Amino acid sequence: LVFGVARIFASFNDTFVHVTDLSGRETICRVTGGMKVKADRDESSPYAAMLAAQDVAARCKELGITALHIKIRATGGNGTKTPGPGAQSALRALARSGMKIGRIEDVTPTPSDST
Amino acid sequence: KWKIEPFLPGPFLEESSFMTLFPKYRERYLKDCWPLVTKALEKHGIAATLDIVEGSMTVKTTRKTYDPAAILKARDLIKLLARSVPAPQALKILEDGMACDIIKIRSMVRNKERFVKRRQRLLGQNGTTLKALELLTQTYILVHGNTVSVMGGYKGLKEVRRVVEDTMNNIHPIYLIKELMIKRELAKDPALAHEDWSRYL
Amino acid sequence: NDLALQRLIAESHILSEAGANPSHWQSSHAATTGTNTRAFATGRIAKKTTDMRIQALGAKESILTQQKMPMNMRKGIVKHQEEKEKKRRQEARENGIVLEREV
Amino acid sequence: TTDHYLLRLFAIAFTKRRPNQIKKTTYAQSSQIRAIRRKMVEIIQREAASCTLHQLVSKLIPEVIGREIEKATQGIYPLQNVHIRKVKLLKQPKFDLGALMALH
Amino acid sequence: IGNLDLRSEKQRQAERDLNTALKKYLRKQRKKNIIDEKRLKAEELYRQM
Amino acid sequence: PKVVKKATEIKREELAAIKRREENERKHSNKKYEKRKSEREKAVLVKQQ
Amino acid sequence: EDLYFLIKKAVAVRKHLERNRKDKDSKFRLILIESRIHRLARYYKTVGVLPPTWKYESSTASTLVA
RNA sequence: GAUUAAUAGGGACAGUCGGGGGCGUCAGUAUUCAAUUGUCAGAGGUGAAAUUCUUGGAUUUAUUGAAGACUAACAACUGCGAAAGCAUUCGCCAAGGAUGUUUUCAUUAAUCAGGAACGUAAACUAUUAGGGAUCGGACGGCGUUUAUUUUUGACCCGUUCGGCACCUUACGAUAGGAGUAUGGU
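Residues numbered from 1 in each chain as written, not as in the entry; some residues may be left out. Chains lettered and ligands numbered in written order. Part of a larger assembly, values for the part shown. Heavy atoms only, no water. Residues with missing side-chain atoms left out of burial classes, pairs and counts.

> What am I meant to see in the packing of aromatic side chains here?
Each aromatic ring pair is specified by the distance between its two centres and by the angle formed by the two planes. As enumerated under the stated definition, the model contains four aromatic pairs over all chains in all. On the basis of an interplanar angle of 35° and a centroid distance of 5.6 Å, the ring pair of G:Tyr43 and G:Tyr44 is categorised as tilted. The class of G:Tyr44 is partly exposed, set by a relative accessible area of 29%. For the cation-ring pair, B:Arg106 lies above B:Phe115, with the distance from its terminal atom to the ring centre recorded as 4.7 Å. (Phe/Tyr/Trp six-rings, centres within 6.5 Å; stacked < 30°, edge-to-face > 60°. Buried < 20%, exposed > 50% of the residue type's maximum accessible area, 1.4 Å probe, protein only. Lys NZ or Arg CZ within 6 Å of the ring centre and 35° of its normal.)

Written out as structure tokens, the structure reads:
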């Protein structure tokens, strides 16, 4: 079981399913939400997150890591500090297609004082 | 494209667990509203314990939990139960299309009496503007001290975010409710489906 | 100046206690309560809103309220309603929730 | 440390609610908070200036520092839990494979 | 009519003067799952037993 | 009458407060190891000839 | 003397104000303490314990610290 | 030759108290900008879009560096300042409040004409008589924890001054519009 670290940037406009190694430096495979949906309205949707998570899990099972540590974030500076629908739907599809999940953490950038 | 299916069917290696801390006046209400919470979290597969000695709610993923987003649902649920949302609403976050949000509004007004006036202006006469916002945005809004805790669909989360910031920035919520009613009337007919609607507000 | 804005603000209590907000817990309970899943619930809400509209137009007394009670029923009803509002005010003074100010 | 690594230690310490009490707020006074912070920085300096980095990590793992802060601050105001929330290594001036392989 | 309410008399006198079951106790109170410091004392008693 | 009713409610509140203060001072002072002096005995301050 | 301690507080306030020069709370307290000095000084003039031509503006402060 | 020492003053000392003020210093993230890598097709907004940035690689991932801002959560039916206002640590500088004292001159005082210092908004509105809370002293103590035992502090309780606010009671008080017509301009 080779643990890869999946950054899921779930905003309200698009979701980013991103898979890196344990370092954070070397991106293995990323599929954004809007490259699976023709409509910019429905770019941030549970269907978009499901398609992105299925493609990412397929690539990472072709590479043979079959285990992820998932770090979920959102727009946190002056944003909302809550993930969009992409987080729940991508984690659901990601563990529904293989991918024994390891450690889940919501690493949102929380400002001590922004404005 | 937007609907979400319930999870049909061990997806967890490290046994995840989350904790939140509550005070005593919430300890009473949580002690006599807890069996509803642990009943629904047992239906989702997550063990939920409450500690009146230290004052801590814990959730933890059991052996037979299958939904992996259930731990995020449970973490948000115990966050809202600590932040004194009532118990059926906190359990209503466990549906698929709901999400919560906390809006920090104390940073937006330098003054104090002006802040109290604008917060009560957000709350309205007899709560009528607040429940009008809840109707027009399909949300649950709770004006919680220095914060505002909202729940609902993500569209309603965005609209109540805009309305709460514009209420704190001295635009009136009755003006914003009139704006939202105009937007609802325009989105009713799809003959005007893609124009710039700024000529009406 | 605007009419339907004034109607939406006043009748929001009745609509949001009837059925119109499925993310609110009281409305999601009152959407399955039974007196709103019956056959003509929308018409009964329409009668309540029309009574409130004539009250806003200037009627001093209502059509929907009952006028004669045996004094123990009305004292129990008024005392229970006042104790409920007082308990909600106290459980909102604790937890720091701010509420609508009304005497 | 004695191996000339500069590092920052960020400690957090929450106030103990005493059992068999009735008052809801366990507020320490501001002068009492300043005395607690003075004893906290005195403890972490006196028990992190003497050891090397490997012994410092071996003391950080079972949280001996937070335990000794909890033990020695309870004559000023009892503290519910003392943790060290961050360690940040700023500069490491040496690359020595001898000690770096004596680790592994 | 006129006999004692024994529960009320015991409560009145209270407000005036003021190894086989402790396992099914934990069996009934592991199901709540409120931790409830009397159960902490019962856990220490069961560990001593 | 309303004045007498309001003032006897105030008197009940004040007497209950004084009894609670005396009971707390008894439970946390050195008077705990004494017999409770009855109220008819407390009615007289001193007697002299 | 009460007047002696009051003018000592006045010189201390004015010296801190000369070193810092930016704050206004010390200037307001200086106005309060100079009004207090002048009132107590006027009562001691109309009694007569001190010279009626004795005055304190800043030079008496300077010549009593010097 | 010089009164009560005021349940009005001003001062002194002691332990203090405060997100009161000034100057320096220390941090914390977040945002922007730049650099180094892994990138490899969109990203961004919106109810939808569009302007814009995008194979010289945008958005993203990681690590540093700089700049400016602000001080989350704690954070209150609280604290301080006369007011606007005041929340990172530490140091320095004066000042201020209350308490206690086995502290002093003994009317110094109260009020404001004149004058003097500090400075995008609005939009639902002699006691009351105590009680429950609250914080700042001072005193007292059956006791739990510091405490290897004395300090001392935390918790509980009582007394006493002082102050922000709650509720009850008052002790009382008191301060033209809308329609419909008709005739002119």
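> Teacher, can you tell me more about the interface of chain B and chain E here?
Frequently, the measure chosen for interface size is the accessible area removed from exposure when the parts meet. The interface is formed by nine residues belonging to chain B together with seven residues belonging to chain E. Buried surface at the junction of chain B and chain E, summed over both partners, amounts to about 680 Å²; 64% is from carbon and sulfur atoms. In this structure, the connection of chain B to chain E is made through zero salt bridges. Taken together, the connections running from chain B to chain E amount to two residue pairs in polar contact. Sorting the residues of the side of chain B that touches chain E by element identifies α2 (34-44) and β2 (46-51) of chain B as the ones contributing at least two each. Ranked by residue count, the leading element in the side of chain B that touches chain E is β2(B), at four residues. Considering only residue class, the side of chain B that touches chain E consists of five nonpolar, two polar and two charged. (Contact = heavy atoms within 4.5 Å. Buried area = accessible area lost by both parts, 1.4 Å probe. Salt bridge = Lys/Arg side-chain N within 4 Å of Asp/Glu carboxyl O. Polar contact = N/O pair within 3.5 Å; in protein donor to acceptor, adjacent residues only side chain to side chain. Helix = DSSP H or I, 4+ residues; strand = E, 2+ residues; numbered from the N terminus. Nonpolar A, V, L, I, M, F, W, Y, C, P; charged D, E, K, R; others polar.)

> What exactly am I supposed to notice about helix α8 (residues 173-188) of chain B here?
Side chains of residues three or four places apart in an α-helix project in the same direction, reflecting 3.6 residues per turn. Its 16 residues place the ends of α8(B) 22 Å apart at the C-alpha level, agreeing with the 22 Å of an ideal helix rising 1.5 Å per residue. Looking only at α8(B), the buried set comprises B:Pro173, B:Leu176, B:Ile177, B:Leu180, B:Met181, B:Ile182 and B:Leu186. Contacts from the buried residues of α8(B) go to α5 (113-123), α6 (128-137) and α7 (154-168) of chain B together with α1 (4-10) of chain C. (Expected span 1.5 Å × (residues − 1).)

> Could you clarify how one ought to interpret the interface of chain C and chain B in this entry?
Contact residues are listed per partner, giving 24 residues for chain C and 32 residues for chain B. The set of elements that each furnish at least two residues to the side of chain C that touches chain B consists of α1, α2 (12-18) and α3 (25-30) of chain C. Classifying every residue of the side of chain C that touches chain B by side-chain character gives eleven nonpolar, nine polar and four charged.

> Help me understand a positive patch on the surface, please; the structure alone is not making it clear to me.
A cluster of basic residues, A:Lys38, A:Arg41, B:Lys1 and B:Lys3, forms a positive patch on the protein surface. Of note, A:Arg41 is situated in the loop between β3 (27-32) and α1 (46-63). (Patch = residues over 30% accessible without salt bridge, like charges linked within 9 Å, V, L, I, M, F, W, Y side chains within 5 Å. Areas by Shrake-Rupley, 256 points an atom, 1.4 Å probe, with all protein chains shown as cover. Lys, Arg positive; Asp, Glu negative; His and termini not counted. Charge placed at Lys NZ, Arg CZ, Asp CG, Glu CD.)

> Got a minute to help me understand the sheet that holds β3(A) in this structure?
Working definition: the strands of a sheet are paired by backbone hydrogen bonds and lie parallel or antiparallel to each other. Residue and element names in this part refer to chain A. With respect to topology, five strands assemble into an open sheet ordered β3-β2-β1-β4-β5, the strand pairing being mixed. Pairing within the sheet leaves two strands with one partner each, and these edge strands are β3 and β5 (100-106). Averaged over neighbouring strand pairs, the angle between their axes works out to 20° when direction is ignored. In this sheet, strand β2 (residues 15-20) lies alongside strand β1 (residues 2-10) in antiparallel orientation, the contact comprising six bridges. Note that in β2 the partner of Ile8 across the bridge is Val17. (Pairing = 2+ DSSP bridges. Axes fitted to C-alpha atoms, helices over the stretch in contact; angles between N-to-C directions.)

> Mind showing me how you'd approach the protein's contact with RNA strand H here?
For RNA strand H, the set of nearby residues contains 95 residues, the closest of which are A:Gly24, B:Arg162, B:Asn170, D:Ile76 and D:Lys88. Atoms of RNA strand H within 4 Å of the protein: sugar and phosphate make up 74%, bases the balance. Note that a phosphate oxygen of RNA strand H is positioned 2.8 Å from one of the side-chain N or O atoms of B:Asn146. Within the backbone of D:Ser30, one N or O atom sits 2.8 Å away from a phosphate oxygen of RNA strand H. Across the surface near RNA strand H, the residue classes tally to 20 nonpolar, 29 polar and 46 charged. (Near = heavy atom within 4 Å.)

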